[PDB]
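Participant: Residue numbers (the authors' numbering), protein chains in the order written: chain B, 2 to 159; chain B', 2 to 159; chain A, 1 to 160; chain A', 1 to 160; chain B'', 2 to 159; chain A'', 1 to 160. A prime marks a further copy of an entry chain. C-beta: ideal position from N, C-alpha, C; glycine also.
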Amino acid sequence: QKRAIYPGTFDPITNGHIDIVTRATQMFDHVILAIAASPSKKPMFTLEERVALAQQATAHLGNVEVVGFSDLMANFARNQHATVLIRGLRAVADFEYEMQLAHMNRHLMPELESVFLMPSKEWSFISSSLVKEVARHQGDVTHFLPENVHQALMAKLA
Amino acid sequence: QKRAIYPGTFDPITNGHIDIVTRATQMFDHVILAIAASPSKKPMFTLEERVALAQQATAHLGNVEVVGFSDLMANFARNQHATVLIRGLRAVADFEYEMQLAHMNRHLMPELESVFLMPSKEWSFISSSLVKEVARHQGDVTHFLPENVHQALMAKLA
Amino acid sequence: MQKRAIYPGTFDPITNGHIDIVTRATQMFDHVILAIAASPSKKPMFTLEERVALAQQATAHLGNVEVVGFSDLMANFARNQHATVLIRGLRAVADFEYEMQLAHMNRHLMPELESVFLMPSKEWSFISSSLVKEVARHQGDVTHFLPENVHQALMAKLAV
Amino acid sequence: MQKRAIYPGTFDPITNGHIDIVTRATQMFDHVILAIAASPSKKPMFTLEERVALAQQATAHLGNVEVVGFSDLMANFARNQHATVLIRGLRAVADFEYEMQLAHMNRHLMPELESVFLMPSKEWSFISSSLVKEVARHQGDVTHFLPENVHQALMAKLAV
Amino acid sequence: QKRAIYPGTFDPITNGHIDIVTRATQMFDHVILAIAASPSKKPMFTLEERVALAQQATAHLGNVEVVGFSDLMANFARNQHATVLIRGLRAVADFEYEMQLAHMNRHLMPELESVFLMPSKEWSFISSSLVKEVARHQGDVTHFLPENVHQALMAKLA
Amino acid sequence: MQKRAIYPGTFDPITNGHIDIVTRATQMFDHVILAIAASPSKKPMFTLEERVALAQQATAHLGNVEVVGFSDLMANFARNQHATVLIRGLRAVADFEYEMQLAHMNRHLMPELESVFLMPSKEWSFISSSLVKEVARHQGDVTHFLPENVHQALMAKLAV
Ligand SMILES: CC1=Nc2nc(NCc3cccc(Br)c3)nn2C(=O)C1
Ligand SMILES: CC1=Nc2nc(NCc3cccc(Br)c3)nn2C(=O)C1
Ligand SMILES: CC1=Nc2nc(NCc3cccc(Br)c3)nn2C(=O)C1
């Protein structure tokens, strides 16, 4: 059984994140969608809310397990018995910072292989930050989020 | 009559912004210089101050109208009857984020065409953030700002 | 204002990406000249006469587009055509550094010509005539990226 | 899952950077095909037969690697080989824009083939077969970047 | 005597910074390692702590002088009689912002030449921010910092 | 310290961008060798003898510049010249990825040679000898980008 971890802040999980985790499940036997607490980023949704949103958004994917964590990512991956670390790559700006993280994760856990997947063109220009910015100004974001997440974002900003 | 909108935080408006809006007025019949409230950015100048500075800095340009807004940019553009959205492109770092915004604005208002203009080499390495950082340390920024803006920045930091 | 814009390139062959850009340009400016470079440094797959006929047929539905061939420096042609706008398509995979060099050089050559960068649909943001030709030459399906007349001409060209 | 992956390229010659990537791929997937392009647009320094023999010797220690030559479009070969994973090495100096074009085009051609990007060690993150050949041709020491069999073959090739 | 300044926040100084300053001392007669107060960045270590850490980490380098400053960088360089400004370049993301700073410093002091040096591959993917993020999660950062700095970071987070 | 620096390139032809960089290098280092590559992979517009004479005339006012031709690997020449500094000009439009590859490879070849990157004036930050030649060949005005002797030589070269 090959175990992969897909870590991130997921504040909130978007269709771009769903695209990446779906590609991951077609490649690996078990995928852990791992939500980092990320207090330095001052998230809109609590960790508990982010976990609940992601569980509902991924319930159709049989081999996805949603787990929250506050640990060092590499220690959490070792403790999940993961040997693959999934990250999505949209453009050049992502690439540079992704290299730094991956080289640091390799120093902390050499057997954890970072693998980058590319989202559909449909989600190549979106991010959680961009969707929240549009939604704060009452712009329509239904196209970019799972139905349960869209409802939760509308309710959070109401 | 072709109507273009040039939106931004303009905290404060610089010679780089003046260069872009001047190029815009040579191309389109009416240009709306639209100043976003931008509370998430914690601006140095209030919206009212930014509007007053931009009005004075653009008074020599007959077809420029300066307006403040707190709305979703795309809704403000529809409400101004604008069909062109002007953005300045200085370098690669701008380009990536500009694509995300433009693809989102296209999703929100498909008839609003984003057009990117390139500033003079003279202003290709400056930004409102950089000018404020130099000015906070009492460095000379007279070369980068309209006279009224330079006075206001000196007075604000005095 | 009665603006004249130029949209230059090799168009070897014209793709759906080029059609997207020129369509956007026609919604913005009164007259758009789709200008096809006669003698590119790299021998084109299609001759200048073939490239012009394909672009004409593919843009026939756009009333304010004029397809013309040119052999001089793009700024010299723009000046002679009384164009004040230079259309550049900016894909998600474009060499932005080259675009900056080109635009500053074009501004030195003709200051009255303003470079305007337009963004294609996400659908065409990751293609190029170069990539399309390479794939088609290597027996790959490129129908999705081309106007029907171009697809027919490319199959005929690759059959010989 | 019994995954089959393809790792395509010119491998002219195979470097320690390529060995690093293919080694990482073998730790992730059940079967890895190191696929060597037969007729690249630019005449290779080593013939296809030389490139295959060097890659075979350099990967002989990896039990789940199969070295094979191919002459079709990389997606057409992947489809015929029943591969569902496409390995791409991402160096700190790679043309990420080109990688995005390639991956979106490969997804159009074969949607069931997933592009996976692997990162080489920092040690090989700033090299390429191109840079290595250019240095070696100009009398520079490249021993550090190549498997021993490749170093011996390159010295013999440059001596003639 | 050629005098160079190597300015930065150095919060804290890393092996990457040591690599750059060592290369600088092999090229120029006297190198001033200049630590900016940087209040806008909300540093982990006080200026006094950053100066003490850098002094101890560079004591083996005979021609390095460690000095703290709150002034405009260019005025501090003029006041140190420096004619060279050293900056490290790791990747593309650094390059763009470095150009803006260097063109501004050239406007403020034309005789101060900005020179960029490239660190070893070993330190090409690290930063003070990344090392602090790993250390906040109790990850091992001994490989990336001088011994005195590692101790101080462990003690600060204890 | 009595530092010797090398500033290598094709200089085909030397531009105001190159003059800006070498001038900055002379204000920093005791001796600057402007090193002209003899046999570039792409046949140069000007011969090595023409490139040397033009660079000599254009730098005659700088007392600590020595113009010399070289045909070996740039690190092999730097070593033989006892240079410890390698000058690289970094334009706003330079391939930074290539510069990183080059500098890490040069450090592997000669660890005692330190690569130093200098920034040209904003005025020359968007040009290249390549762009200048292409424009001049296509009947464009490039006088602003070149020393007067180079402008005269380029007009004579293009007239034939
Ligand atoms: C500032 C420049 N102006 C230029 N005009 C032309 N004309 C010939 C041409 C060839 C291929 C495509 C196109 Br479109 C135009 N080339 N050229 C340059 O390379 C730089
Ligand atoms: C989407 C594409 N698929 C492609 N398959 C091939 N096969 C020939 C080939 C030549 C050199 C290296 C490699 Br690896 C493969 N080329 N090619 C493209 O250029 C774009
Ligand atoms: C690490 C490298 N060192 C290299 N030295 C030379 N010498 C020949 C040369 C040709 C054109 C311009 C220049 Br400048 C030097 N080439 N070369 C490389 O391509 C990579």
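Whole angstroms is fine: what's the gap from B':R88's alpha carbon to A'':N76's?
Facilitator: C-alpha separation (whole angstroms): 48 Å.
Participant: Using C-beta distances below 6 Å, list every residue in its chain close to B':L62, excluding the 5 sequence neighbours before and after it, in chain order.
Facilitator: Result list for B':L62: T26, in chain order.
Participant: Does at least one heavy atom of ligand 1 sit under 7 Å from the Cβ of A'':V135?
Facilitator: Yes, since a heavy atom of ligand 1 falls inside the 7 Å radius drawn around the Cβ of A'':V135.
Participant: Between A':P111 and ligand 3, is the CB less than 7 Å from at least one heavy atom?
Facilitator: Incorrect: A':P111 has no Cβ contact closer than 7 Å to ligand 3.
Participant: Can A':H138 be considered in contact with ligand 3, in the sense that its beta carbon sits closer than 7 Å to one or more heavy atoms?
Facilitator: It does: the Cβ of A':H138 is within 7 Å (strictly closer) of some heavy atom of ligand 3.
Participant: Report the option in B:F29, B:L131, B:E148 and B:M74 whose CA atom is closest to the CA atom of B:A60.
Facilitator: Selected option, being the one with the closest Cα: B:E148.
Participant: Please classify B':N80: is it buried, with 16 or more other beta-carbons within 10 angstroms of its beta-carbon, or exposed?
Facilitator: Result: exposed.
Participant: For a test of your reading of the model: does the CB of A'':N106 fall under 7 Å from any non-hydrogen atom of ligand 3? Yes or no.
Facilitator: It does: the Cβ of A'':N106 is within 7 Å (strictly closer) of some heavy atom of ligand 3.
Participant: For A'':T143, is the classification buried or exposed, using 16 other Cβ atoms within 10 angstroms of its Cβ as the cut-off for buried?
Facilitator: A'':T143 is exposed by the Cβ-count criterion.
Participant: Would you kindly check if the distance between the Cβ of B':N64 and the Cβ of B':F145 is under 8 Å?
Facilitator: The answer is no: Cβ separation not under 8 Å.
Participant: Within 10 angstroms of the Cβ of A':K133, are there 16 or more other Cβ atoms? Answer buried if so, exposed if not.
Facilitator: It counts as buried.
Participant: Could you name the residues of the segment 88-100 of chain B whose beta carbon sits closer than 8 Å to any beta carbon of chain A, in the order they occur along the chain?
Facilitator: Those residues of the segment 88-100 of chain B that come within reach of chain A (Cβ to Cβ, closer than 8 Å) are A92.
Participant: First and last residue of the beta strand (DSSP E) that includes A'':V93?
Facilitator: Segment: none, A'':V93 is in no beta strand (DSSP E) and carries neither H nor E.
Participant: Find the residues of chain B'' that neighbour B:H108, judging by a C-beta separation of less than 7 Å, and give them in chain order.
Facilitator: Under the 7 Å cutoff, chain B'' gives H144.
Participant: Quick check on the burial criterion: 16 or more other C-beta atoms within 10 angstroms. Buried or exposed for A':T47?
Facilitator: It counts as exposed.
Participant: B:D20 versus chain B': which residues are under 7 Å apart at the beta carbon?
Facilitator: Simply none; closest approach about 16 Å.
Participant: Label A':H82 either buried or exposed according to how many other C-beta atoms from any shown protein chain fall within 10 Å of its C-beta, with 16 as the threshold for buried.
Facilitator: By the neighbour-count rule (16 or more Cβ atoms within 10 Å), A':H82 is not buried but exposed.
Participant: My assumption, with CB atoms under 8 Å, is that A':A38 sits in contact with A':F11. Please give the rounded CB distance.
Facilitator: About 11 Å separates the two Cβ atoms, so there is no contact after all.
Participant: Mark B':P40 as exposed unless 16 or more other C-beta atoms lie within 10 angstroms of its C-beta, in which case mark it buried.
Facilitator: Burial call: exposed.
Participant: Does the count of Cβ pairs from the segment 109-128 of chain B'' and the segment 117-125 of chain A'' closer than 8 Å reach three?
Facilitator: The segment 109-128 of chain B'', when compared against the segment 117-125 of chain A'', does touch it at the 8 Å Cβ threshold.
Participant: Is A:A78 near ligand 4, in the sense that its beta carbon is under 7 Å from a heavy atom of that ligand?
Facilitator: Ligand 4 is absent from the structure shown, which contains only ligand 1, ligand 2 and ligand 3.
Participant: Counting C-beta neighbours from all protein chains within 10 Å, is the total for B:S130 16 or more, i.e. buried, or is it exposed?
Facilitator: It counts as exposed.
Participant: Please list the partners that B:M119 has in chain B'', where partner means a Cβ-to-Cβ separation under 8 Å.
Facilitator: Simply none; closest approach about 19 Å.
Participant: Whose C-beta lies closer than 6 Å to the C-beta of residue 168 of chain B' among residues of the same chain, with five residues either side of it excluded?
Facilitator: Here chain B' comprises residues numbered 2 to 159, so residue 168 of chain B' is not present and cannot be evaluated.
Participant: Determine whether the beta carbon atoms of B':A78 and B':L90 lie at a separation below 8 Å.
Facilitator: The answer is no: Cβ separation not under 8 Å.
Participant: Of all the alpha helix (DSSP H) runs that stay within the bounds of the segment 110-150 of chain B', which reach a length of 4 or more residues?
Facilitator: With a minimum length of 4 residues, the continuous alpha helix (DSSP H) runs that stay inside the segment 110-150 of chain B' are 129-137.
Participant: Hey, is B:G69 close to ligand 2, as in C-beta under 7 Å from one of its heavy atoms?
Facilitator: Flag unset: Cβ of B:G69 not near ligand 2.
Participant: From A':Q56 to B:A103, what does the alpha carbon distance come to, in whole angstroms?
Facilitator: Their Cα atoms are separated by approximately 29 Å.
Participant: What first and last residue would you give for the alpha helix (DSSP H) that runs through B:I21?
Facilitator: B:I21 -> alpha helix (DSSP H) spans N16 to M28.
Participant: With 8 Å set as the bound, which would you pick, yes or no: does the beta-carbon of A':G140 sit closer than that to a beta-carbon of chain A''?
Facilitator: By this cut-off, A':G140 is an interface position.
Participant: Taking the alpha-carbon positions, what's the B'':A53 to B:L109 distance?
Facilitator: Approximately 29 Å, taken between the alpha carbons.
Participant: Per the DSSP calculation, A':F46 is bridged to which residue(s)?
Facilitator: According to DSSP, which records beta bridges pairwise, A':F46 is partnered with nothing at all.
Participant: Hey, out of B':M155, B':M100 and B':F126, whose CA is closest to B':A92's CA?
Facilitator: When only C-alpha atoms are compared, the closest one is B':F126.
Participant: With distances taken between CB atoms, is the gap from A':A153 to A':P44 smaller than 8 Å?
Facilitator: Cβ atoms of A':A153 and A':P44: not closer than 8 Å.
Participant: Kindly indicate which three-state DSSP category B'':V65 falls into: helix, strand or coil?
Facilitator: Here B'':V65 sits in strand by DSSP.
Participant: Which one of A'':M74, A'':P111, A'':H151 and A'':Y98 has the shortest CA to CA distance from A':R137?
Facilitator: Minimum Cα distance to A':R137 is reached at A'':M74.
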